[PDB]
Amino acid sequence: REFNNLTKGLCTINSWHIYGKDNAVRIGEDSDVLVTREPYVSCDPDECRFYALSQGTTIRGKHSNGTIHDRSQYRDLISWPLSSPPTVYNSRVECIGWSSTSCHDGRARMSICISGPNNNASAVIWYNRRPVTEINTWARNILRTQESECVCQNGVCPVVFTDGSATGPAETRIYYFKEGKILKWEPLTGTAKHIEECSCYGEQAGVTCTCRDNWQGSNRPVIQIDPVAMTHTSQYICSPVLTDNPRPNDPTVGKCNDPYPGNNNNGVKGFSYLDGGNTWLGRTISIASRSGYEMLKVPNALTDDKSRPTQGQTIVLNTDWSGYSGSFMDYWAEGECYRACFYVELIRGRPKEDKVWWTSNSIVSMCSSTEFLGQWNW
Amino acid sequence: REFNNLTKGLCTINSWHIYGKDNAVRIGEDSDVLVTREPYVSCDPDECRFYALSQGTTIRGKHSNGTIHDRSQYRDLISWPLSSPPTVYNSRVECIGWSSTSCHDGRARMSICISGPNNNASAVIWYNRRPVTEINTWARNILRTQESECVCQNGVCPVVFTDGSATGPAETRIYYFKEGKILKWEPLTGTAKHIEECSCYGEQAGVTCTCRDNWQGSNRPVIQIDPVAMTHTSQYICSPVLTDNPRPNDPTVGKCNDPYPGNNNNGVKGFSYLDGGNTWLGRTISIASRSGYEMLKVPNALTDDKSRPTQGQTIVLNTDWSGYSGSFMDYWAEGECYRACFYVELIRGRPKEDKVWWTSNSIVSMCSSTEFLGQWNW
Amino acid sequence: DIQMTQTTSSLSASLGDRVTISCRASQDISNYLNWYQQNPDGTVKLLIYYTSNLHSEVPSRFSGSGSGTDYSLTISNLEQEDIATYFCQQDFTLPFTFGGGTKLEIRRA
Amino acid sequence: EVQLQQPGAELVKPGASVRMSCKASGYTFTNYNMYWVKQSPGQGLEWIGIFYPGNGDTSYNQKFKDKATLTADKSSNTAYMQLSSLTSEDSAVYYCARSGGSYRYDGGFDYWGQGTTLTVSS
Ligand SMILES: CC(=O)N[C@H]1[C@H](O[C@H]2[C@H](O)[C@@H](NC(C)=O)CO[C@@H]2CO)O[C@H](CO)[C@@H](O[C@@H]2O[C@H](CO)[C@@H](O)[C@H](O[C@H]3O[C@H](CO)[C@@H](O)[C@H](O)[C@@H]3O[C@H]3O[C@H](CO)[C@@H](O)[C@H](O)[C@@H]3O[C@H]3O[C@H](CO)[C@@H](O)[C@H](O)[C@@H]3O)[C@@H]2O)[C@@H]1O
Ligand SMILES: CC(=O)N[C@H]1[C@H](O[C@H]2[C@H](O)[C@@H](NC(C)=O)CO[C@@H]2CO)O[C@H](CO)[C@@H](O[C@@H]2O[C@H](CO)[C@@H](O)[C@H](O[C@H]3O[C@H](CO)[C@@H](O)[C@H](O)[C@@H]3O[C@H]3O[C@H](CO)[C@@H](O)[C@H](O)[C@@H]3O[C@H]3O[C@H](CO)[C@@H](O)[C@H](O)[C@@H]3O)[C@@H]2O)[C@@H]1O
Ligand SMILES: *[C@@H]1O[C@H](CO)[C@@H](O)[C@H](O)[C@H]1NC(C)=O
Ligand SMILES: *[C@@H]1O[C@H](CO)[C@@H](O)[C@H](O)[C@H]1NC(C)=O
C-alpha cells in the first residue's frame, strides 16, 4: 500500500510467449458462461485478471438473441480469474455501464463505467468498492472512455474520454484522478484530428497511448501524457505500415502529422510499444475485416516516415476472426525493465457468422521474450 | 517462507492406505467437469492438490469429440482441490501448454509448461503467478518434460526435458532452476540409453527418478540427481520384475546396465521407491495393455540382478483400465521420515472403449503405512 | 469514388509504331495501378499490376510506369491484334475504380 | 488452368431475381477472393463485391449492397450472386474475377470469367 511510481524501462522485445487464453465459447457450449465482448486484462500487486463488458445472459440462454447490440441497461463490467471463462458463478461485477477502464494505483483500484441514454450519459468513478465522483455529459452524444487499463504514477492516473461525433469532430478530454477525486482535466492538444478508444502503457515516468481516429485516419493518433506536470501531446505514427482496419494498402512514404487518406469513417482499437528501435506494432492481417492478427518490428516508426518491418510474428491466421486489441503490463513483477504484454479479442458470431443470433468472444494474451521463441497461431 | 531442505529418510513401507480418489467421470456425466488426461498431485506447505492437462471442454459437451489427440492450442495445465472433480468453476488454470511439471520450493511455487508446433516448441517457467524465463527447442522435435512434480532442495529444483526422437536417440537435458532463473543444465550422462517422462522424489538431500526408455527398454532407466553439487547419473533397474508396459514376460535373470530386450518402441510413465531393502516397485498387471495396477516388494532391485517379489498389494484389477503412474510426497508433514505417496491415472474412453468419441480419466492416490493394512481395489 | 481518369476513348496508329496511353488518379495512390485489355469480343486480360509488372503471358513490348497520379502504358511494336480497349484501375483502397477505357484504331489501307 | 466458366446469358423479367454462377476451375478455390464486376452497355467497369471462400467474408460496393448478395457452393467450386428486382436500368454484363492475392485485395484481378449477359424483357 504505497502509490506505485514508473521507475523502469521496456525490455528488449524479441519474441512473444503466451500468457493467457480462455477457451470461453468451447466451454460455454456446455457451462454457465456469460455473453461478453470488449475485453482487457489488468493486474493489481498480487493478481492479474481478465475483464469484459457482459451482456447479462449466458450464451446458450435465450436472451443471447440480440447481443449484437452493445449498449443497454443490462451490461455490467465484470472481472474473472486469469484464464477462467466469465462464468455466472465466478465473475465479479465491478460496476454497471457500457464503456470502462480500471487500473490499480498501488494502494487500491479505480474503475470508471459509463451508462446512460445517448443524450444523457453518466460516468461514475468508483474507487475501491465504493463510488467517489460523477461526471455528466459535456457534449451529449455518447460519452465513452477507453476499454483497456489506465496507468497510474504516484496516486495520479491519467484517463481519456470522448463525447461527440464519430464521423467528425468531438470533444475529447484528458482527466487526472487521484484516489477517485478529480484533480484537473484538459482538452485534447495536438495534431491528432480525432481520437477515441486509447491503449495506454506507462514506462519511464510518463504514459503513452495509441487511440483510434474514426473520422479520417488509417495511421494511428498518439497521445503522450506526462502525469507529474499533468500535460499531454498528440500526433500520428509516421509509418507506411498502416494498422487500422479497414485501411488502404501499404504506402511507400507515410504522413507524420496528419491522418492518412483513403478508407474513412470506421476503425478498430489497437496498441503499440513505441520504444525507439525497440518498437513493435500490431494490426489485422486483413485490409477489410477483423480477420487475423500479427505483430511486426518496425524500428523507429513514430518518427521515421518510411518505416517498414525488420522482423515479425503472427498470432491469429487470416482465416480466423480477431477483434479489438490493446496493451497492459504487470508493473509489480520483480525486475529492471517492464515486460510488454497485450491482448486480442477473438470475436465470434454476428456479423460475420450470421447463423447464430448472438455475438460473443474469447481472449488470448502474450508478453515479451528475450529469446527468439518459435511462433504458433491461437 | 524459507527454502525447504531434504532433511529426512523414507519410512518403512509395509502397506498402502488410500489418500485420494476423485470419481470424476461419474460426477461428470451430470456436472461441469473438464476433459483432462495426464494427472499428478503435488503439495505446497499447507495444501495438496490434484493437477492435470485439460482439453478445454466438458465431457458431455460436443467439443469432447476428438480428445484422443493430446497436443493442441486449447490445453491448459489446471490444479483443483484435493479429491474434487476438475470442474469449470473450481480448477485454477496455471499456464497454457501440453506438457508440464510444478513443485513448490519452500518459498513460492514454480510450474513449467510447453506449448508449440512440433518443430517450434517453447517452455516458459512461471514462478509464482508470473513468467520468469523461456527455453526454446534445442532439437526441434517435440520438446517435452515430465508430468509429475519436480523436487526442490534449498532453492534449487532439478527438472528433466527431452527433445528429439522417441524411436531412437534424442537429447535429454537436466536443468536446475532457482526462483525461476536458470542456474545451469547438463546433457544426460550414464548408461541409460533413452529417458523420457520422469517420476522423481527427493529423500536424503538428493533426488532420484525412474523415467521411460521408449526406444529399447522394458526395465526402467534411472537418474539419481545430486542437487547441491548439481550432478547426476543414469542406469537401469537390475531386476527380472519388468515393469514397463508392454513388456516381455518375467525373466529369471535381469540386465543392470543395458535395456532389456523383446518389446520395443513404446512404454508408460511409472514410479518406484528404491530405498535399499525398503523398495517397492509398481507396474500394470497386463503385459500388453494398460489394465490393472499392483505394488510389489522387491528388496534391493536397483542392485540385485535376480530380484523377485517378497510381498505385494494390488490396487486396480486386470479387468479395470489404468494409465500413467508417478510419485509425490508431502515434504511439509510433521515427522522423522517421509511418507511415500503415489498416483495412478485411471484412463477411460478411446482407444480401448471405442463407443465414446472422447478420452478422459479419474485419479486414485495412496501413501505408505507401518501397519499391514488389508488390500481393496479402486 | 477515387476518380480514375483516362483522357478520351480513341487513338490511331499506322500499324507498326509505338503508342502511349495515360491514366490519372484523384489522389496519390502510392503505385497500386494495373492495366486491362479487353479483346474486340468480351475477354479482358491482365497485362501489368503495380504499375510496372507484367502478368504471366505477356508480349515483351508492353511497358508501364508512373508515380502518384499519372501512369502510362507504352506498346512498342504494334502488332495489329493488340488493337482494343485498354483500362487502368487501382487497388490502393476499395472500392476498386476503373477508368473509362480507350479503344485503339488503325489507319493503313 | 484457371477456368472461371460463366453462361453466355440469362433472360429475365422485370422485378424478379436471377442467380449467377461462376465455376472456378484449375486452382485452390478455398484460397483466393472471388470478385464480381459489372459492365453496363456504354460505361466503364463497376466492381460490385468480394467473397473469400475459405472463411466466408463478403464486402459490397456502396450502391450495390442492396441489389447483390454473394454466395458460393464450395463442393462445386461455384461462386454465385443473387440480384433481386432487376429492371431495364440493370440490363448489363457481369463477370467474376479473382485477385492474384489469395486473400489480399492486392495484385489485381488476374484471371477473369466469360461475362454473362443480363437481359430483362417482357
Ligand atoms: C526470428 C525469425 O526468424 N522470425 C521470422 C519468423 O520465423 C519463424 C520460423 O519460421 C519458425 N521456424 C521454422 C523452423 O521455420 C519458428 O518461429 C519463428 C519466429 O520466432 O517467420 C516470420 C514469418 O516468415 C518472419 O516474419 C517476416 O519478417 C519479414 C522481415 O524480414 C517481414 O517483411 C514479413 O512481413 C511481411 O510479410 C508477411 C508474410 O510473411 C506479410 O503478411 C506482412 O503483412 C508483411 O508484408 C506486407 O507489407 C509489405 C510492405 O510493408 C508488402 O510488400 C507485402 O506485400 C505485405 O503487404 C500486403 O499485405 C498487408 C497485409 O498482410 C496489407 O496491409 C498491405 O496493404 C499489402 O496488401 C514477416 O513479418 C520473422 O521475421
Ligand atoms: C500382508 C500380506 O499377507 N500380503 C499379501 C496379501 O494379503 C492380503 C490378504 O489376503 C487379505 N486378507 C485376507 C483375510 O485374506 C487382506 O489384505 C492383505 C494385504 O494387506 O495378499 C497378496 C495377494 O495374495 C500377497 O501378494 C503376493 O505376494 C507374493 C510373495 O509371497 C508374490 O509372489 C505375489 O506376486 C505374484 O503373484 C501375483 C498374484 O497373487 C501376480 O499377479 C504377480 O504378478 C506375481 O506373479 C508374477 O511374477 C512371478 C515371478 O516374478 C511369476 O512366476 C508369476 O507367474 C507372475 O508372472 C506372470 O504374471 C505377470 C503379471 O502379473 C507377468 O508380467 C509375467 O510376465 C508372468 O506372465 C503377490 O504379490 C501379499 O504378499
Ligand atoms: C514517487 O515519486 C515521486 C517523485 O515524482 C516521489 O516524490 C514520491 O515520494 C515517490 N513515491 C514513492 C512510493 O516512492
Ligand atoms: C539448507 O541446507 C544448506 C546446506 O546444504 C544450508 O546451508 C542452508 O542454510 C539450509 N537452509 C535452511 C532453510 O535451513
# chains A, B, ... in the order shown; residues from 1 in each chain; ligands from 1
$ residues_around --residues "residue 169 (chain B)" --least-positions-apart "5" --cutoff "12 Å" --atoms "only C-alpha atoms" --output "MDAnalysis selection string"
chainID B and resid 139 141 162:164 188 192:196 213:216 265
$ interface_residues --of "chain D" --to "chain A" --cutoff "12 Å" --atoms "only C-alpha atoms" --output "mmCIF file with N, CA and C atoms, in the first residue's frame"
data_model
loop_
_atom_site.group_PDB
_atom_site.id
_atom_site.type_symbol
_atom_site.label_atom_id
_atom_site.label_comp_id
_atom_site.auth_asym_id
_atom_site.auth_seq_id
_atom_site.Cartn_x
_atom_site.Cartn_y
_atom_site.Cartn_z
ATOM 1 N N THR D 30 -10.655 -22.407 -52.165
ATOM 2 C CA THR D 30 -10.755 -22.022 -50.770
ATOM 3 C C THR D 30 -9.729 -20.952 -50.450
ATOM 4 N N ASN D 31 -8.826 -20.699 -51.382
ATOM 5 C CA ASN D 31 -7.660 -19.889 -51.116
ATOM 6 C C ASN D 31 -7.594 -18.508 -51.748
ATOM 7 N N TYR D 32 -8.582 -18.031 -52.506
ATOM 8 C CA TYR D 32 -8.469 -16.769 -53.246
ATOM 9 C C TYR D 32 -9.779 -16.013 -53.147
ATOM 10 N N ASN D 33 -9.797 -14.677 -53.050
ATOM 11 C CA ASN D 33 -11.069 -13.967 -53.021
ATOM 12 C C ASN D 33 -11.677 -13.981 -54.434
ATOM 13 N N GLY D 49 -18.604 -6.570 -55.486
ATOM 14 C CA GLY D 49 -18.154 -7.004 -54.179
ATOM 15 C C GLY D 49 -17.072 -8.076 -54.224
ATOM 16 N N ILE D 50 -16.709 -8.563 -53.048
ATOM 17 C CA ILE D 50 -15.766 -9.653 -52.872
ATOM 18 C C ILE D 50 -16.387 -10.743 -51.985
ATOM 19 N N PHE D 51 -15.892 -11.973 -52.228
ATOM 20 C CA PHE D 51 -16.228 -13.162 -51.479
ATOM 21 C C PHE D 51 -15.005 -14.021 -51.175
ATOM 22 N N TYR D 52 -14.460 -14.111 -49.954
ATOM 23 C CA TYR D 52 -13.354 -15.040 -49.688
ATOM 24 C C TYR D 52 -13.800 -16.478 -49.277
ATOM 25 N N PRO D 53 -13.745 -17.486 -50.168
ATOM 26 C CA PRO D 53 -14.397 -18.788 -49.981
ATOM 27 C C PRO D 53 -13.952 -19.678 -48.844
ATOM 28 N N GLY D 54 -12.803 -19.455 -48.202
ATOM 29 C CA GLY D 54 -12.338 -20.366 -47.153
ATOM 30 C C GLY D 54 -12.483 -19.865 -45.732
ATOM 31 N N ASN D 55 -13.328 -18.857 -45.606
ATOM 32 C CA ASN D 55 -13.563 -18.169 -44.361
ATOM 33 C C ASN D 55 -14.949 -17.538 -44.469
ATOM 34 N N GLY D 56 -15.429 -17.172 -45.665
ATOM 35 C CA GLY D 56 -16.811 -16.751 -45.846
ATOM 36 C C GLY D 56 -17.082 -15.248 -45.789
ATOM 37 N N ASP D 57 -16.049 -14.423 -45.642
ATOM 38 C CA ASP D 57 -16.204 -12.987 -45.639
ATOM 39 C C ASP D 57 -16.676 -12.542 -47.031
ATOM 40 N N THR D 58 -17.440 -11.456 -46.998
ATOM 41 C CA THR D 58 -18.068 -10.779 -48.125
ATOM 42 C C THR D 58 -17.942 -9.246 -47.983
ATOM 43 N N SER D 59 -17.783 -8.405 -49.029
ATOM 44 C CA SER D 59 -17.793 -6.934 -48.884
ATOM 45 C C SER D 59 -18.444 -6.356 -50.152
ATOM 46 N N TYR D 60 -19.346 -5.372 -50.047
ATOM 47 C CA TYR D 60 -20.141 -4.852 -51.159
ATOM 48 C C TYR D 60 -19.862 -3.405 -51.468
ATOM 49 N N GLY D 101 -3.980 -12.048 -55.254
ATOM 50 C CA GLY D 101 -3.504 -12.052 -53.902
ATOM 51 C C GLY D 101 -3.966 -13.180 -53.019
ATOM 52 N N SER D 102 -4.673 -14.265 -53.299
ATOM 53 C CA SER D 102 -5.002 -15.224 -52.244
ATOM 54 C C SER D 102 -5.532 -14.759 -50.856
ATOM 55 N N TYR D 103 -6.257 -13.644 -50.754
ATOM 56 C CA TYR D 103 -6.896 -13.085 -49.552
ATOM 57 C C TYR D 103 -6.625 -11.597 -49.519
ATOM 58 N N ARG D 104 -5.553 -11.208 -50.226
ATOM 59 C CA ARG D 104 -5.132 -9.818 -50.289
ATOM 60 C C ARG D 104 -6.029 -9.166 -51.307
ATOM 61 N N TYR D 105 -6.389 -7.906 -51.092
ATOM 62 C CA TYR D 105 -7.177 -7.201 -52.084
ATOM 63 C C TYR D 105 -6.089 -6.379 -52.774
ATOM 64 N N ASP D 106 -5.282 -7.083 -53.569
ATOM 65 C CA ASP D 106 -3.994 -6.560 -53.999
ATOM 66 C C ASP D 106 -3.431 -7.517 -55.034
ATOM 67 N N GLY D 107 -2.718 -6.872 -55.938
ATOM 68 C CA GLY D 107 -2.121 -7.587 -57.039
ATOM 69 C C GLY D 107 -3.047 -7.765 -58.227
#
$ interface_residues --of "chain A" --to "chain B" --cutoff "10 Å" --atoms "only C-alpha atoms" --output "JSON, numbers by chain"
{"A": [17, 18, 19, 20, 21, 22, 23, 24, 25, 26, 27, 28, 29, 30, 31, 32, 33, 46, 47, 48, 81, 82, 83, 84, 85, 86, 87, 88, 89, 90, 330, 332, 333, 334, 335, 339, 367, 369, 370, 371, 372, 373, 374, 375, 376, 377, 378]}
$ write_last_selection --atoms "C-alpha atoms" --output "compact mmCIF listing (two decimals), in the first residue's frame"
# COMPACT_ATOMS: atom_id res chain seq x y z
CA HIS A 17 5.43 -16.09 -25.27
CA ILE A 18 1.75 -16.98 -24.46
CA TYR A 19 0.33 -15.52 -21.25
CA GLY A 20 -3.41 -16.27 -21.25
CA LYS A 21 -6.16 -17.83 -23.33
CA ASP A 22 -9.63 -18.66 -22.01
CA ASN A 23 -11.41 -21.09 -24.38
CA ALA A 24 -14.74 -19.44 -23.45
CA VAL A 25 -17.04 -20.26 -26.36
CA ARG A 26 -16.00 -24.00 -26.37
CA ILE A 27 -16.56 -24.17 -22.60
CA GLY A 28 -19.70 -22.03 -22.94
CA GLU A 29 -21.41 -24.53 -25.24
CA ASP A 30 -21.87 -26.57 -22.00
CA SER A 31 -21.24 -24.28 -18.94
CA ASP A 32 -22.76 -21.15 -17.40
CA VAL A 33 -20.54 -18.74 -19.19
CA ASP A 46 -0.68 -9.85 -6.33
CA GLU A 47 -3.21 -10.88 -9.04
CA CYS A 48 -3.96 -10.36 -12.76
CA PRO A 81 -9.67 -15.20 -12.67
CA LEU A 82 -6.82 -15.37 -15.13
CA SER A 83 -7.76 -17.62 -17.93
CA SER A 84 -11.05 -18.68 -16.50
CA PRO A 85 -14.33 -18.35 -18.51
CA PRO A 86 -16.60 -15.43 -17.42
CA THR A 87 -18.88 -17.90 -15.55
CA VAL A 88 -22.07 -16.81 -13.73
CA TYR A 89 -20.59 -18.30 -10.52
CA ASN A 90 -17.09 -16.57 -10.80
CA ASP A 330 2.45 -6.13 -14.77
CA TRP A 332 4.58 -5.23 -9.89
CA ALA A 333 6.69 -8.10 -11.33
CA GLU A 334 10.32 -8.16 -9.98
CA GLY A 335 12.82 -6.59 -12.43
CA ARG A 339 7.59 -6.74 -19.88
CA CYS A 367 4.15 -10.94 -23.15
CA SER A 369 10.63 -12.60 -24.57
CA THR A 370 14.41 -12.02 -24.81
CA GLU A 371 14.86 -15.29 -26.69
CA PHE A 372 13.74 -15.79 -30.33
CA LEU A 373 10.89 -18.21 -29.48
CA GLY A 374 9.10 -20.06 -32.24
CA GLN A 375 5.76 -18.81 -33.50
CA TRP A 376 2.31 -20.65 -33.30
CA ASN A 377 -1.32 -19.49 -34.03
CA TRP A 378 -4.12 -19.35 -31.49
$ residues_near_ligand --ligand "ligand 2" --cutoff "10 Å" --atoms "only C-alpha atoms and all ligand atoms" --output "ChimeraX atom specification"
/B:14-17,239-252,283-288,292-298,306-314,317-318,371-376
$ interface_residues --of "chain D" --to "chain C" --cutoff "9 Å" --atoms "only C-alpha atoms" --output "list in words"
residues 43, 44, 45, 46, 47, 48, 49, 60, 61, 62, 105, 106, 107, 108, 109, 110, 111, 112, 113, 114 and 115 of chain D
$ closest_residue --among "A:300, A:263, A:322, A:153" --to "chain C" --atoms "only C-alpha atoms"
A:263
$ residues_near_ligand --ligand "ligand 4" --cutoff "9 Å" --atoms "only C-alpha atoms and all ligand atoms" --output "PyMOL selection string"
chain B and resi 1-7+106+153-155+205+228
$ write_last_selection --atoms "C-alpha atoms" --output "short mmCIF file (atom, residue, chain, number, x, y, z; two decimals), in the first residue's frame"
data_model
loop_
_atom_site.label_atom_id
_atom_site.label_comp_id
_atom_site.auth_asym_id
_atom_site.auth_seq_id
_atom_site.Cartn_x
_atom_site.Cartn_y
_atom_site.Cartn_z
CA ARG B 1 8.86 -18.84 3.54
CA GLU B 2 12.39 -20.46 3.86
CA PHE B 3 13.61 -22.74 1.07
CA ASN B 4 12.87 -26.31 2.15
CA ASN B 5 15.82 -28.73 2.51
CA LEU B 6 15.59 -32.66 2.34
CA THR B 7 16.36 -33.46 5.84
CA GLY B 106 9.54 -23.69 0.13
CA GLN B 153 16.41 -28.65 -2.23
CA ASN B 154 17.42 -25.20 -0.97
CA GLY B 155 16.01 -23.03 -3.80
CA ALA B 205 19.35 -34.48 0.34
CA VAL B 228 23.84 -29.35 -4.26
#
